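First the structure, in the form of structure tokens, and then the observations on it.
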Amino acid sequence: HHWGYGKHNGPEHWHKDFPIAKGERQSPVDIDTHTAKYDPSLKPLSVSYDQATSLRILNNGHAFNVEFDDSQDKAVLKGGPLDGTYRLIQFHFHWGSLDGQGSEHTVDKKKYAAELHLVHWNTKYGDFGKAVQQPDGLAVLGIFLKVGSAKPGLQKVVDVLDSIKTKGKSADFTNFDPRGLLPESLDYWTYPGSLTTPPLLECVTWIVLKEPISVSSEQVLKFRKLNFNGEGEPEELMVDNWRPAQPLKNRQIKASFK
Ligand SMILES: O=C(O)/C=C/c1ccc(Cl)cc1Cl
Ligand code: NA
Ligand SMILES: [Zn+2]
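In full-length UniProt numbering, the protein residues as written are 3 to 260.
This is the structure:
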């Protein structure tokens, strides 16, 4: 498959190879704050990242992934809407060419400059490939980025991007603490959805944080210097690698906060 974000291979084309693109629980969605309902049954969200073990950062031609050792429970997400234990496997971002676009989820139709996805899988299914075949296989923690003050916890990521400029390049990325990417508040919205890239599988419990993090202009500018293309190929800047909001259909978005 040769999907991407251009006119000829972008989100409007994906359904031809991945018909679930037009399915009943696709992501992202617009979060209407005036219709999302507070759910008092939601348990506390538990982000347990103290023993996180990062390994590598990779430009995969769509975004860049920071990968983690998920062979044991070392960085997990629990609580909230979740039952059981979800292991952190990787995180990545989606971002824009302009500061007013880049996020996948929107809030009352507002776009943010970027969106962070921390991807976790349900350990009851044994490995990630099995988990993505289950309706409760994944939990993705989504965090909005707005342009303002620099995010110190993001700078080590920014610092290494020159070493993975093109598709297929990877670099060591051990001893990175993903706790430095979180906002102060863990207030969230949650709804059942999908992967936002092919194969678009409907296996995700989305947990989208209310509070955006701030990153600096220079930090997001360095995201935009990455390339979709491989080394030696014509340069295509890696920007606007986001899917737009999809129909909510038969779903309710719940809020953890009043
Ligand atoms: O978070 C995203 O934007 C896409 C994630 C993703 C895309 C493809 C596969 Cl096979 C698995 C995952 Cl977690
Ligand atoms: Na299992
Ligand atoms: Zn993503």
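Think of the CB as a built atom: it goes at the ideal place given N, C-alpha and C, for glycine as much as any other residue.
Is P154 helix, strand or coil when you go by DSSP? Numbered from 1 along the sequence shown, position 152 holds the residue referred to as residue 154. In the structure shown, the three-state DSSP call for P154 is helix.
Closest residue to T207 among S99, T87, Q221 and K167 (Cα-Cα distance): Here residue 207 is taken as the residue at index 205 of the sequence shown, counted from 1. Comparing Cα positions, the closest option is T87.
Quick one: what's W191 bridged to in DSSP? The residue you call residue 191 lines up with position 189 of the sequence shown. Bridge partners of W191: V210 and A257.
Mind the definition here: the segment 166-179 touches the segment 53-60 only if three or more C-beta pairs lie below 8 angstroms; say whether that holds. yes
Is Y127 close to ligand 2? I mean its beta-carbon at under 7 angstroms from any heavy atom of the ligand. The sequence position of residue 127 within the sequence shown is 125, counting from 1. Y127 Cβ: within cutoff of ligand 2.
Sufficient close CB pairs (3 or more, under 8 angstroms) joining the segment 178-190 to the segment 7-26: no
Just to check my reading of the structure: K111 and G104 have Cβ atoms closer than 8 angstroms, yes? What is that Cβ distance to the nearest angstrom? In the sequence shown, counting from the first residue as 1, residue 111 sits at position 109. In the sequence shown, counting from the first residue as 1, residue 104 sits at position 102. At roughly 14 angstroms, the Cβ-Cβ gap does not stay under 8 angstroms, so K111 and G104 are not in contact.
Determine the direct distance from the alpha carbon of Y193 to that of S43, and round the result to whole angstroms. Working through the sequence shown from its first residue, we reach residue 43 at position 41. Working through the sequence shown from its first residue, we reach residue 193 at position 191. Using only the alpha carbons, I get a separation of about 14 angstroms.
Taking the DSSP output, what are the residues bridged to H122? For the purposes of this step, residue 122 is identified with residue 120 of the sequence shown, where counting begins at 1. Note: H122 sits in a beta bridge opposite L90 and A141.
Contact under 8 angstroms by Cβ, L156 with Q221: If you number the sequence shown from 1, residue 156 lands on position 154. If you number the sequence shown from 1, residue 221 lands on position 219. The Cβ atoms of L156 and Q221 sit closer than 8 angstroms to each other.
Euclidean distance between Cα positions of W123 and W244: As a position in the sequence shown, residue 123 is number 121, starting the count at 1. As a position in the sequence shown, residue 244 is number 242, starting the count at 1. Cα-Cα distance, rounded: 22 angstroms.
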